[PDB]
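Some notes on the structure that comes next.
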Amino acid sequence: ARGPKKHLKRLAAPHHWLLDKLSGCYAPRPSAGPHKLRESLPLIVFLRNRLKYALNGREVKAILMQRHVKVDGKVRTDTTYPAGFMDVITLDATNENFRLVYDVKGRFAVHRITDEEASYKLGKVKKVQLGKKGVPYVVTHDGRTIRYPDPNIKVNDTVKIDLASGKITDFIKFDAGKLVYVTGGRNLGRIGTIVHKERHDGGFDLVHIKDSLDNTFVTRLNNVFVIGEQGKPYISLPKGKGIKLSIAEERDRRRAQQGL
Amino acid sequence: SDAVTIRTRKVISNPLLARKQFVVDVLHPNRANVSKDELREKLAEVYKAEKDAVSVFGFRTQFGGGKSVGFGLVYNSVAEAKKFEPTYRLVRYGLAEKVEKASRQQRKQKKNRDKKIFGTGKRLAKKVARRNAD
Amino acid sequence: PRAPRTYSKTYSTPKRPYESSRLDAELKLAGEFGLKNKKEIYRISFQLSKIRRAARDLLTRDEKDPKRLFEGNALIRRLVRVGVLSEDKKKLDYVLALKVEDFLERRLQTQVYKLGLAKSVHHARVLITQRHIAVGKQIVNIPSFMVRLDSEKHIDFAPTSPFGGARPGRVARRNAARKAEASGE
RNA sequence: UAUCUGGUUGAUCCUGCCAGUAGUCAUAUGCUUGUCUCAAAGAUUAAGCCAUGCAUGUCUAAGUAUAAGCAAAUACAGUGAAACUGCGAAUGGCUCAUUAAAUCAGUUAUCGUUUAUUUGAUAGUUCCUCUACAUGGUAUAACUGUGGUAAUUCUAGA
RNA sequence: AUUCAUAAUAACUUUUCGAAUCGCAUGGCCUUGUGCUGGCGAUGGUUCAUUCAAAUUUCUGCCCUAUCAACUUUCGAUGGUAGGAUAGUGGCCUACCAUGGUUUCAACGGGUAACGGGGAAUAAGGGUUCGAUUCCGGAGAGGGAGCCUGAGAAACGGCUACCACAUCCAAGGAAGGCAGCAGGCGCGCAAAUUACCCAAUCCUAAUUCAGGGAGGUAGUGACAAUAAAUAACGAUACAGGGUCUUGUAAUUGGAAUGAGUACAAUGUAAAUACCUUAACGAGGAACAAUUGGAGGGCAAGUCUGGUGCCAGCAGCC
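Taken in sequence, the protein lines are chains SE, SY and SJ.
The letter at position 214 of the first sequence is residue 215 when you use the deposited numbering, and the numbering goes up by one with no holes.
The letter at position 121 of the second sequence is residue 122 when you use the deposited numbering, and the numbering goes up by one with no holes.
The letter at position 12 of the third sequence is residue 13 when you use the deposited numbering, and the numbering goes up by one with no holes.
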C-alpha cells in the first residue's frame, strides 16, 4: 500500500504488552530502533502501564523530555523508543535501575537491580564478519556492532558489552553445561541447561534443554540465549528463577499464599 | 451528620514529576456527597500542601451512598503544580484563566480563507482599493 | 475502528413450547418462589445446562486427567461456594443430579424470606426492590443476587431504610407533619 | 445431548411430499412502550449523481529577521506575521466494482535485490613545481512601488 | 554450500564523498597575542550492519458447469544462447535457433446475485448455510492510459490527454471528481446531526507547545444484548380446610418506594445522562401493559348478542 505503515491498532499490538482492549483504539507503534516491534517494549508502555508513574501519553512525554529516562546509558526522549530484551533502562531522580528480563509466563517483567551490575549488558552475538578495511566485527541481537573482538567469539554466542565504550569484556562459549534463557515461541521465558544440540543442515538446529526440575524440552536455536555457566549466571535472574510451574501447583502455591 | 473520613490508599511517590499519587476514598455516612474543595483543604492539612497546590480529579460514589472513591494527587511547590499539569484542571481550580477562542468551524474557515492569499495581501488590498476606485 | 464489547444471552427458550406438564411445573415454581415471568426459570435452566455439559465432557475424559483435575476442582469448589451442592457431595455424579429448586433456594428473595424478615416471598422481593437490604455493608436491589454460602450472616437492613432507623420515610413524614399541623394546633 | 404433530384419510398399513414447532451477531415491517448498563447503523438496488462547510499541515537554545510589526549590548541578541529552506502530504479513513491458482492462509527463499528514517560503528591521504582558509561568488522570494483580466489559490514587467 | 566477506595489481570516471553550518558554556596555557588550545550539544555526511518496510518467491489448499474435450504457438506459447531493460532474478522484451507446455487426477472455456482469511448461525455427532461490515491481506477513487517529484506513488483532498457527465460567466476564457465527516437528490422493503472537542488512544511536523471529521463526546436510534417497576402488609365480616390456615368483599387502616420535579455536589474539554442527595411527589376512570390466540396439532368456550336468505313448520310472536 504505497509506502510504509505508521499506525498500529489495538488488536494488532503484541499480546505480551497486556494492553486493555477498550479505552483507546490505537497501540503505541514502537518506532524503529534496535529491536523488532513484535518483540520490543516501548518507553510509554513501560512507564505508563507498568510502574504507574505517568497516567496519560502527554504525561510520559513530560517525564521523558525533561531528560530523565536513559536507555543503555543514553538519554532518550522518544515516547516509543523500542526498549528490548536485556536492556538496562535507568531512572535518575529515583536512583533506580532496571533490566528488561522476560517473566516466566511470557510477558516482560520489571526486574529491579542494584547500581552495580547495571553497568553491563549481555548480547547474543549473531554474526561475526571480516568488515571493511580488513577489520573484524561482531554484531549482536541489539544492533550493537563491536570492532576488533577476540577471534574465539563465534556465531550464536554471547558477549558482554558493558555500557561505557563497548569494549567487550570476558565472554562465554556455547556448549553443554551452560545456563540458557529462551526468548521465543511456546517455551518462552524458561531458563535451563543445554544437554544436546542436533544440527540439521538446511536449517533450524533444534536444541535440547533440561531445566532445573528435569523437564526436558526443545526449541529452535534462534530463541536460545546463553547466559553463562550452570549455577552461575552473570545477571540477576528474575523472581522465581524460571521454572514454569504447571497450573495445578500454581493453584497450590497461590492458595498457599492466601492465609497470612 | 457528624463527620466524613478521608483515607489515602496505594500511595506512590513520583519524583519524576515531584508529586505523590493516591486513591482517596471518603466515608460520608449521611451528608450527600464529597464537597470536593473540602477534600482539597483536608488533603492540604493532611501532609502539608497549600491547597491550591493539590488536585483531585477522579470521583464516583459507590452504590447506596456513604462511600465515594476517587483518584487524587499532590504536588509540592505550587510552581511545579502549575508546570506539570493540564490547563483545563488548573482553570477548573481557579489557578489559571480560560482563553476565549472562536469555535472550530470559524477557525477552520479563517485558515482555509487565508490559504487563498500569497503574502500579506497588502498588494492585494491596495490593488483592490485602486481597481474598485475606478 | 474500535473493538466490540462482547455480549451473549443468558436465557433459552424451550424446544416444545406448549406442554401441560412443563407449563404446570413452571407455574408451580413461579408460585413457590415469586418470579416475574418465565425468563427466570429459563435462565436457571441455561446455567444448569452449561454446568451439566461441562460435567459430561469432563467425565468422558479419563480419571486422573490433569485437565479433569483442575477444571473439575474449580467447578465443584465454585458450586459449593455458592452453596448449591452440600458440603459432603464433592463429586461429579452429584452435580449431574442438580435441580432448579436447588439454585432458586440460594437467591436473595428466597434467603430474605427464609431468614425471617419478610413473612412472604412476594413481600421479600418488593422489599428488595425498595432498597432495604444491605449484604455486608452494601445496599442491593437485585432479587437474583445469588448470595454466597459465607455471606449469609450479613443480610440485614441498610443504614437508610427506616427499619434500620435514620429518619423515617416520606409518607410517615407527611403523616407526622399533619399531626403537628392540624392535631397539634 | 438424542421426544416431533396434522393434510393425503374412505375402515388399515406403509412410500411420499406438503403444513405446523423452535434458533438466527438476519434483514424488513405492524402494534405498544416505564427504568439501568451496553450501541450496530445508505452493505444488498445505483462503485449512481452531488449544493455548501470541513477533512494537511509543521518551530525549537540550536537554518534564513531591517515586517517603515509588537515590546523592551552600535553588527545581531526578546517576542514574532509573511516567504525561503527542511520534513510530512505514499500513513489514515472509506468502499467491495474488478479478481477463480488471481487474491488469500500456513510454510519457505533472497548465495536474486531496493529501503528516507531509527540504532551501532565509520573518513590525518583533496589543487599541488606562484594559490582567500581569520572563511569564494551569484542570485531570487518575502518586501517597496508600477499594472492587466468579468472571473481562478491568474499573474506580467521594475 | 559460492566467483562470499575482505585484500592486492593494472588502469578508468562530464571525479561521488572526505563539514565554508548552528546553539549554549568561558575552562586551560603562557611569549599576554584580543596568540595557542578546550567542553556540552544541534544538523549533515560515504559505506557496512540494524530496524521499519518493499518486491519477487517454493510446497499445498478454493464455488457451480462436460448442453465446455481439446487448449496454447500468425501477433512468446515451453526451452537454449547472447544482448537490452529493471533495484534485481526471470521470454520481462529483442535477434537467432530448437518443438515443446497443460489435461478425464477435469486442462481451456463459461457462470457467479465471489474480494480472501481470522470468524458467525446452527448444542448428539459429522455436517448444512453465511463471512459487504470493528482485526490481518488485496484492489479502487466516474472509465481508461500516461507521468513529475520523492527513500517510498503509476498517487487522484498532485499533474497531462481522451471519453461520458457537469459548473461559471462580460461568450473572450476558466474550474471540476464525497466509495473521508456531515448532508442533499435518486434508488429502493431497507439504513442517523450540515452538533462539541482534541480532554482520551495515537499519528505527523524543525516539534513538551501547533494540527488531526484519525479518533473521542453528545443527537437520532425497540438492529441486537444485560438487570428487573406497574404493588406489599395488617384489621373486620363471611366461605372453607378446621382449635390455626387459604379465599371473597363498591369493608377499613396506616406504612414503603421510585417513575418524575429539583436546591446542591460528583460527573465532563465544557456540558447531558448515570452514581449520591435537600425539598415535593399513590389512593384507583391513579402513575390504568400490551401483543397474539381458543375443533386436534396446540394451551384455552356442552359462551352471549346482532345482520342477511329460506318456496322448511307457525302466522306476524
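Cβ atoms here follow ideal geometry from the backbone N, Cα and C, with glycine treated the same way.
Exercise for the section: Report the residues of the stretch 83-96 of chain SE with a CB closer than 8 Å to any CB of chain SY, ordered along the chain. Expected result: Under the 8 Å Cβ criterion, the stretch 83-96 of chain SE contributes 92, 94, 95.
Handout entry: Collapsed DSSP secondary structure at residue 106 of chain SJ in the structure displayed
Key = Secondary structure of residue 106 of chain SJ (DSSP, three-state): coil.
Exercise for the section: Would you identify the three-state DSSP class for residue 101 of chain SY, choosing helix, strand or coil? Expected result: The DSSP-derived three-state label of residue 101 of chain SY is coil.
Practice task
For the stretch 51-69 of chain SJ, enumerate the residues whose C-beta is nearer than 7 Å to any C-beta of chain SE, in chain order.
Solution key: Taking 7 Å as the upper bound on Cβ-Cβ separation, chain SE lies near residues 67 of the stretch 51-69 of chain SJ.
Practice task
Give the C-beta separation of residue 25 of chain SE and residue 3 of chain SE to the nearest angstrom, bearing in mind that I take them to be a contact with Cβ-Cβ under 8 Å.
Solution key: That belief does not hold up - the Cβ atoms of residue 25 of chain SE and residue 3 of chain SE are roughly 27 Å apart, past 8 Å.
Handout entry: Assigned exposure category for residue 91 of chain SE - 16 Cβ within 10 Å defines buried
Key = With 16 or more neighbouring CB atoms inside 10 Å of its own CB, residue 91 of chain SE falls in the buried class.
Exercise for the section: Using a Cβ-Cβ cut-off of less than 9 Å, list which residues of the stretch 50-82 of chain SY approach chain SJ; keep chain order. Expected result: Cβ contacts with chain SJ come from 63, 64, 65, 66, 67, 68.
Exercise for the section: Please state if the CB of residue 222 of chain SE and the CB of residue 206 of chain SE are separated by a distance shorter than 8 Å. Expected result: Note that the C-beta distance between residue 206 of chain SE and residue 222 of chain SE is below 8 Å.
Exercise for the section: In angstroms with no decimal places, state the Cα-to-Cα distance between residue 95 of chain SE and residue 42 of chain SY. Expected result: Roughly 29 Å separates the two Cα atoms.
Problem - Three-state class that DSSP yields for residue 156 of chain SE in the structure shown - result: For residue 156 of chain SE, the three-state secondary structure derived from DSSP is coil.
Exercise for the section: Tell me whether residue 56 of chain SY sits in a helix, a strand or coil according to DSSP, three-state version. Expected result: In this structure, residue 56 of chain SY counts as strand in the three-state DSSP scheme.
Practice task
May I ask you to verify whether the stretch 151-158 of chain SE touches the stretch 191-205 of chain SE, counting CB pairs closer than 8 Å and requiring at least 3?
Solution key: No, the stretch 151-158 of chain SE is not in contact with the stretch 191-205 of chain SE.
Problem - the ligand PLP heavy atom lying under 7 Å from the CB of residue 171 of chain SJ - result: The ligand PLP is not part of this structure, which contains no ligands at all.
Handout entry: Beta-carbon spacing of residue 72 of chain SE, residue 63 of chain SE below 8 Å
Key = If you check the CB distance, residue 72 of chain SE and residue 63 of chain SE do not come in under 8 Å.
Exercise for the section: Would you mind stating whether residue 73 of chain SY and residue 23 of chain SY have Cβ atoms separated by less than 8 Å? Expected result: Residue 73 of chain SY is a Cβ neighbour of residue 23 of chain SY, given a cutoff of 8 Å.
Handout entry: When SY/85, SY/114, SY/71 are compared against residue 57 of chain SE, the one with the closest alpha-carbon
Key = Proximity to residue 57 of chain SE across SY/85, SY/114, SY/71 peaks at SY/85, based on C-alpha coordinates.
Exercise for the section: Closer than 6 Å by C-beta to residue 164 of chain SJ: which residues in its own chain qualify, once you throw out the five before and the five after it? Chain order, please. Expected result: Leaving aside the five residues that flank residue 164 of chain SJ on each side, the residues in its chain whose CB is nearer than 6 Å to its CB run, in chain order, 158.
Handout entry: Where residue 8 of chain SE falls, given that 16 or more other Cβ within 10 Å makes a residue buried
Key = The residue in question, residue 8 of chain SE, is exposed, as its Cβ has fewer than 16 Cβ neighbours within 10 Å.
Problem - Any chain SE beta carbon closer than 8 Å to residue 23 of chain SY - result: Between residue 23 of chain SY and chain SE, the shortest Cβ-Cβ separation is not below 8 Å.
Problem - Of the residues SE/114, SE/113, SE/140, the one placed nearest residue 126 of chain SE, counting alpha carbons only - result: Per the Cα distances, SE/140.
Problem - Alpha carbon of residue 242 of chain SE to alpha carbon of residue 162 of chain SE, nearest angstrom - result: Rounded to whole angstroms, residue 242 of chain SE to residue 162 of chain SE spans 23 Å at the Cα level.
Handout entry: Three CB pairs or more closer than 8 Å across the stretch 97-108 of chain SE and the stretch 128-136 of chain SE
Key = At 8 Å Cβ cutoff, the stretches do not touch.
Exercise for the section: Residues of the stretch 77-91 of chain SJ with a CB closer than 8 Å to any CB of chain SE: list them in chain order, please. Expected result: Within the stretch 77-91 of chain SJ, no residue qualifies.
Practice task
Note down, in chain order, every chain SY residue with its Cβ under 9 Å from the Cβ of residue 17 of chain SE.
Solution key: Residues of chain SY passing the Cβ test: none, with the nearest at roughly 24 Å.
Exercise for the section: Kindly confirm or deny that the stretch 8-28 of chain SJ and the stretch 118-132 of chain SY touch, where touching means at least three C-beta pairs closer than 8 Å. Expected result: Not touching, per the Cβ criterion.
Handout entry: Cβ contact (3+ pairs, closer than 8 Å) linking the stretch 108-126 of chain SJ and the stretch 52-62 of chain SJ
Key = Judged by Cβ distances under 8 Å, the stretch 108-126 of chain SJ makes no contact with the stretch 52-62 of chain SJ, as fewer than three pairs qualify.
Exercise for the section: Name the two residues that bound the continuous beta strand (DSSP E) containing residue 156 of chain SJ. Expected result: Annotation for residue 156 of chain SJ: the continuous beta strand (DSSP E) segment containing it runs 156-158.
Exercise for the section: Locate the alpha helix (DSSP H) running through residue 67 of chain SJ, then write down its first and last residues. Expected result: Residues 67-82.
Problem - Contact belief for residue 194 of chain SE with residue 173 of chain SE at Cβ below 8 Å, rounded distance in angstroms - result: Not a contact, Cβ separation roughly 13 Å.
Exercise for the section: For the beta strand (DSSP E) containing residue 197 of chain SE, list its first residue and its last residue. Expected result: Counting along the chain, the beta strand (DSSP E) containing residue 197 of chain SE begins and ends at 193-198.
Problem - Boundaries (first-last residue) of the beta strand (DSSP E) holding residue 181 of chain SE - result: Secondary structure note for residue 181 of chain SE: its beta strand (DSSP E) is the uninterrupted segment 179-183.
Handout entry: Contacts around residue 32 of chain SJ, its chain only, beta-carbon distance under 8 Å, and the 5 residues preceding and following it disregarded
Key = Excluding residues within five positions, none has a Cβ falling inside 8 Å.
Practice task
Following the continuous alpha helix (DSSP H) through residue 251 of chain SE, name the residue where it begins and the one where it ends.
Solution key: Taken as a continuous stretch (DSSP letters only), the alpha helix (DSSP H) holding residue 251 of chain SE covers 248-258.
Exercise for the section: For residue 64 of chain SE, go through chain SY and note every residue whose CB falls closer than 7 Å to its CB, in chain order. Expected result: In chain order, 17, 18 make up the part of chain SY whose C-beta sits under 7 Å from the C-beta of residue 64 of chain SE.
Problem - Residues of its chain near residue 27 of chain SE, where Cβ-Cβ distance is below 8 Å and the 5 sequence neighbours each way are ignored - result: Contacts found: 8, 9, 10, 11.
Problem - Element boundaries [beta strand (DSSP E), containing residue 98 of chain SE] - result: Residues 97-100.
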